[PDB]
Amino acid sequence: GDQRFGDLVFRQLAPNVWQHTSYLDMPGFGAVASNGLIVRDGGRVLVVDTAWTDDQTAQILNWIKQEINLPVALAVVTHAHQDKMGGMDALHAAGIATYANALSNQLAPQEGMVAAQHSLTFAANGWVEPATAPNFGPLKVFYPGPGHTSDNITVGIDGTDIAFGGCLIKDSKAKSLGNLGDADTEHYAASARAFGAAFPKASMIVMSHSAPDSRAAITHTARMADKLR
Ligand SMILES: O=C(Nc1nnn[nH]1)[C@H](Nc1ccccc1)c1ccccc1
Ligand SMILES: [Zn+2]
Ligand SMILES: [Zn+2]
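Residues numbered from 1 in each chain as written, not as in the entry; some residues may be left out. Chains lettered and ligands numbered in written order. Heavy atoms only, no water.

Going by the header, the method for this PDB entry is X-ray crystallography, and the resolution given is 1.6500 Å.

If you want it as structure tokens, here you go:
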């Protein structure tokens, strides 16, 4: 049930969860979809990832205002690339507190992104140190290890069957791992399986560049990454 709002698409995945989708169309390539998440947590909203641009991201906020009409308490962004952090200024202009992997905030200047206002750090088991993720509610943030990028993180939603792989995970029928220019080819496979292991009850796997899929997305992504070692 896709809901069109301006140039963006919103799809409800759970009573309190929506996928947001925005498009970037360059010459010599088809328009590229990028997906993030919107979560209503009681009387507030949480966002995972910006759209490609400030204008699109402001439209995400406008849709939230129209359909949910509750404050957006925070956003977490899942690595320092345009499809995940291209709209940071729109979030800050709206007064929304922003969070990213410390490494993402480190990379953001060079990558041409505005850094998030707060840095997450991670324990050795990969789970976010909770003292760096205040008031994340049902958002369970996990660093699976380097893969699509060295800084990519992932997000599960407590109370749902949903885990978000961002650009790390591709769908079960994908024909490649996408752009590998910033990838960690040696560690990608372990990182994909680490993501699955951290959210073992998740039956709906959401990702950046395909529609939601079964856990076969994890096994297939990892099996493709095995070929990079
Ligand atoms: O996001 C993407 N690819 C992806 N995501 N996850 N795995 N591959 C898109 N491809 C791409 C192209 C060149 C360099 C890096 C990525 C894209 C990103 C940014 C601007 C335009 C297009
Ligand atoms: Zn990326
Ligand atoms: Zn991507």
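From this point, the narrative continues.
Caption draft 1: Layout of the UniProt feature "binding site: substrate" in the chain. With numbering aligned to this structure, UniProt lists the feature "binding site: substrate" at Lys-170 and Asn-179. Residue position: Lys-170 is located in the loop between β11 (162-164) and α5 (188-198). Residues within four places of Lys-170 in sequence aside, it is in contact with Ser-176, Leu-177, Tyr-188, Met-207, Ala-217, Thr-221 and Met-224. Among the polar contacts made by the side chain of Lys-170, one reaches the main-chain carbonyl oxygen of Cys-167 at a distance of 2.8 Å. Following the sequence through the fold, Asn-179 ends up in the loop between β11 and α5. At 3.1 Å, the side chain of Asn-179 forms a polar contact with the backbone nitrogen of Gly-181. (UniProt positions renumbered as here; feature names shortened; annotations may be inferred. Helix = DSSP H or I, 4+ residues; strand = E, 2+ residues; numbered from the N terminus. Contact = heavy atoms within 4.5 Å. Polar contact = N/O pair within 3.5 Å; in protein donor to acceptor, adjacent residues only side chain to side chain.)

Caption draft 2: Layout of the nonpolar core. Residues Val-17, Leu-37, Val-76, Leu-120, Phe-136, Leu-139 and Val-141 are the most contacted members of the largest nonpolar core, which totals 24 residues. Counting residues per element, the ones that place at least two in this core are β2 (8-14), β4 (32-41), β5 (44-48), β6 (72-77), β7 (97-101), β9 (139-142), β10 (154-157) and β11. Those residues within four positions of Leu-120 in sequence are excluded, and the remaining contacts are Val-76, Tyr-99, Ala-100, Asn-101, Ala-102, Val-128, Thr-132, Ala-133, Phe-136, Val-141 and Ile-153. Judged by nonpolar contacts, the second largest core, of 20 residues, contains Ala-189, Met-207, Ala-222 and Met-224. (Core = buried A, V, L, I, M, F, W, Y, C linked by side-chain atoms within 4.5 Å. Buried < 20%, exposed > 50% of the residue type's maximum accessible area, 1.4 Å probe, protein only.)

Caption draft 3: Here's a closer look at the site of ligand 1. Around ligand 1, the surrounding shell consists of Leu-24, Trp-52, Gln-82, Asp-83, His-148, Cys-167, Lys-170, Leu-177, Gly-178, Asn-179 and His-209. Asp-83 is positioned such that a nitrogen or oxygen atom in its side chain is 3.1 Å from an oxygen atom of ligand 1. A distance of 3.0 Å separates a nitrogen atom of ligand 1 from a polar backbone atom of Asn-179. Here the residues of the shell around ligand 1 sort into four nonpolar, five polar and two charged. (Near = heavy atom within 4 Å. Nonpolar A, V, L, I, M, F, W, Y, C, P; charged D, E, K, R; others polar.)

Caption draft 4: Quick look at the pattern of salt bridges. Using the criterion set out here, one finds seven salt bridges in the structure. For the salt bridge of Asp-226 with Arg-193, the shortest nitrogen-to-oxygen distance reads 3.0 Å. Linking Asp-226 in helix α6 (residues 216-226) with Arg-193 in helix α5, this pair joins segments that are 33 residues apart in sequence. In this structure, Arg-229 and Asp-226 form a salt bridge, with 2.7 Å as the shortest nitrogen-oxygen distance. Overall, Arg-229 belongs to the exposed group, its relative accessible area being 54%. A residue is classified by how much of its surface remains accessible, and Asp-226, at 15% relative accessible area, is buried. (Salt bridge = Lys/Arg side-chain N within 4 Å of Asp/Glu carboxyl O.)

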